[PDB]
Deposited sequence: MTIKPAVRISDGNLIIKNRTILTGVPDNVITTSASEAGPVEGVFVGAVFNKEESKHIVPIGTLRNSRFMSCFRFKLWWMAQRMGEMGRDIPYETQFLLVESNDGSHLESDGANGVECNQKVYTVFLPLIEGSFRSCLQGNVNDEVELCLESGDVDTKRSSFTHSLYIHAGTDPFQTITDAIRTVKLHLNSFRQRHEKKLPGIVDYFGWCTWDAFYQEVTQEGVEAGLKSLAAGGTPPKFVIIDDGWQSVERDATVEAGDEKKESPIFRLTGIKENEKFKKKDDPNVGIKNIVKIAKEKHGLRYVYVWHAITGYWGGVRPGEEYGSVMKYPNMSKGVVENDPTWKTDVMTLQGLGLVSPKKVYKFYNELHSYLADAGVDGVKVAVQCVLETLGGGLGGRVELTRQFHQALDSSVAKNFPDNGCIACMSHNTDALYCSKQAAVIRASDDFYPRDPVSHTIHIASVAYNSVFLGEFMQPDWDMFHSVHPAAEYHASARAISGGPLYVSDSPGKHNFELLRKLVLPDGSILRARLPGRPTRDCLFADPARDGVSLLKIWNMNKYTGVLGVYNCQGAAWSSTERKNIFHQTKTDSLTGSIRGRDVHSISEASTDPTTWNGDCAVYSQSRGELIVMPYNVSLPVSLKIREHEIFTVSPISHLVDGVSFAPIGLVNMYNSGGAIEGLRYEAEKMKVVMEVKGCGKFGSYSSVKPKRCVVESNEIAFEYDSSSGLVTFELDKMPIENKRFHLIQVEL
């Protein structure tokens, strides 16, 4: 049966993973399916309670990785090998047996949500909570799912899918419609003006970016456009824009003014706006219209253990006007109808995890979350039918397991331009949280600044994230040399196809805390892989201080290495995987060096703290003995291989035929010097380094007219 409890142990393919499983912990393999590869786990208790905790078993001497909420809104990573190091509010746990990987997914069941936490005795406890004193249960059968396999990424995905088939209450990332903003450069007003944003500031930012040749095609009008008032917390007073967004003649005209300027005058395709899941930070001003009533956040133990300041946050103490569940659809619809009729294409929806703290006597955290998201999704589908929703501050399983439609999720805590501790931590967080969040939605690695000491560090990460790419530059503060590595002259980006994630290598070694390893992040394009390597040692969240701090490091520089197969799915980029020997052409985007890397050969990589390097990794095709080739792409862009749309080898003609998007310097590996390089039927000059095999030529202009991609032929 693979995964079983017998004696009082949890045994996984004949390895004891946990010992000392209580008698009252019960397992099953039924569901809709119903027979299922892993096991659902639950428990039976003596009394009704609105909260239970129960040990599942004792964990020692097995490497784990977990994603845990260090704050209400957000996860980060913690590695370890003893149950006692498992954090409070662990939402995802992956265990290694030394070859075999086991995932533990704590679930929502009925009105309860579960997570895991470690205790002093090295037990893994499941914590089940309804968040409502009137909602009480005593037995549970599907509050946790455990599944094992030999490919850690495949293991995760198969488990999520099994759970989906059981709950039917979410979709997987790959089944959802991504909104069109993901394929374009954007700009977000948040770090540029904070709440003092005005419509003139919006226009200024768009114009400055476009004037340097990297034009955004979406904008996020972030927090500060809405009509809010104090009663020191602010609450929503109406659904329309404030005075800063009213045309300065004609104050009857509203946010439609800036939207039309953006799109007709500056060429934007999309405009999004920010709002809280509750309207604003303090909710909506109490009243009949939407049934808003003052409510005060309930504290749960796990959240407040990791985040003690939450007990004295302004939202906790001054409360929120919570719109009624009976009127929530109407609130979202009236807000979104106003927005859509003004030309707005989507919303960035923040403050999402507050609902779990307000389910009071409304059925609790799960039911309240489900209700609000049901209404929000209906409103988004009606009013922003490109699927215009970015989920923000939303890392709770209550929202993840009801993620049926929305397709983009902020993968971490905010970019912080002025906080030096944050940069290394940001890269670790987005990468590790993406392992799990990217099963539900496309991860958004957040805005950044192009003029900043960490700009390249952040920029390169976004380029391999698989997610939307956007800066929050103040108008005029741009580095366009850096932005041209991310954005083409029409505002399109080279987006990779998957959530960027750590390599198998990096899943159980904490590169923020171990003092010894470099973080390596992989993604895929259609005909190449990509790999970024980061030193992010020297800072992380503190179990003792309970916030992000710097910590001692043994040295500045670390040396690790890369292999072609670190790009876990690199196979899928090969045009003939069954004959492929595993050799890759590896192009260092930062050094500009092409290296041939045979299957399993390592290359050493050395980096100091806050340094990085990006490598495009392309499968080599052996056309005949001595004639071998791999495309690289737009070598002056971070995610070079994202430019290759089509690739075909004709060994009988010793030819390669490609479809390439974009413009700039194009590169490929060839063992031999080409006879000819042809672009749309004309022959063009090229360079060839005989020593590395690097072929380069210039793609002068974007494709015009009926072309849409450059058609390139390379004759060898």
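Comparing the deposited sequence with the modelled residues shows gaps at 1-4, 103-119, 253-264, with numbering starting at 1.
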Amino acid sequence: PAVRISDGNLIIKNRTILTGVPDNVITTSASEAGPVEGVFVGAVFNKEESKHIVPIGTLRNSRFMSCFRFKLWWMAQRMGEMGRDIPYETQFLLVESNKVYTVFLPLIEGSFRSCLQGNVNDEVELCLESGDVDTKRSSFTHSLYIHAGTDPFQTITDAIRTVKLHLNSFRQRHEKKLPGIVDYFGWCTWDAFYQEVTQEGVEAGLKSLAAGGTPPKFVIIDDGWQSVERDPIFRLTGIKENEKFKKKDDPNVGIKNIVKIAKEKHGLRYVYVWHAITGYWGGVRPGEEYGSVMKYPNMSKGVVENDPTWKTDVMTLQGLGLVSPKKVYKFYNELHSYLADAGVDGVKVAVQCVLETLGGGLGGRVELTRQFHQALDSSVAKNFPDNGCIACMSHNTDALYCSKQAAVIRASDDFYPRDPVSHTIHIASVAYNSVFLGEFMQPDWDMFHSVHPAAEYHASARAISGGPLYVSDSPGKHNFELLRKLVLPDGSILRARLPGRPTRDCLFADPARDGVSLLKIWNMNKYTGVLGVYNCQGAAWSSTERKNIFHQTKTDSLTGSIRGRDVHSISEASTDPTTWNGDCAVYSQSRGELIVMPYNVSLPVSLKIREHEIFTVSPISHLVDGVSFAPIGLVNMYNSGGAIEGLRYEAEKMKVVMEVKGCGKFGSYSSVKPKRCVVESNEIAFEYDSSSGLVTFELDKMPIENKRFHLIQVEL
From here on, numbers count along this sequence of modelled residues.
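The question of which stretch, 367-375 or 547-555, has the higher mean Cα B factor is settled in favour of 547-555. When the C-alpha B-factors of 150-158 and 216-224 are averaged, 150-158 comes out higher. As recorded in the entry, 36 carries the highest CA temperature factor of 647, 36, 663, 651.
Highest CA B-factor among the listed residues (657, 67, 672, 54): 54. Split the chain's modelled residues into thirds by C-alpha temperature factor. Residue 302 is in the highest one.
The PDB entry assigns residue 465 a C-alpha temperature factor belonging to the lowest third of its chain's modelled residues. For residue 191, the recorded CA B-factor ranks within the lowest third of the chain. Only modelled residues enter the ranking. In the deposited entry, the Cα temperature factor of residue 90 sits in the middle third of values across the chain's modelled residues. In the PDB entry, residue 256 places in the middle third of its chain by CA B-factor.
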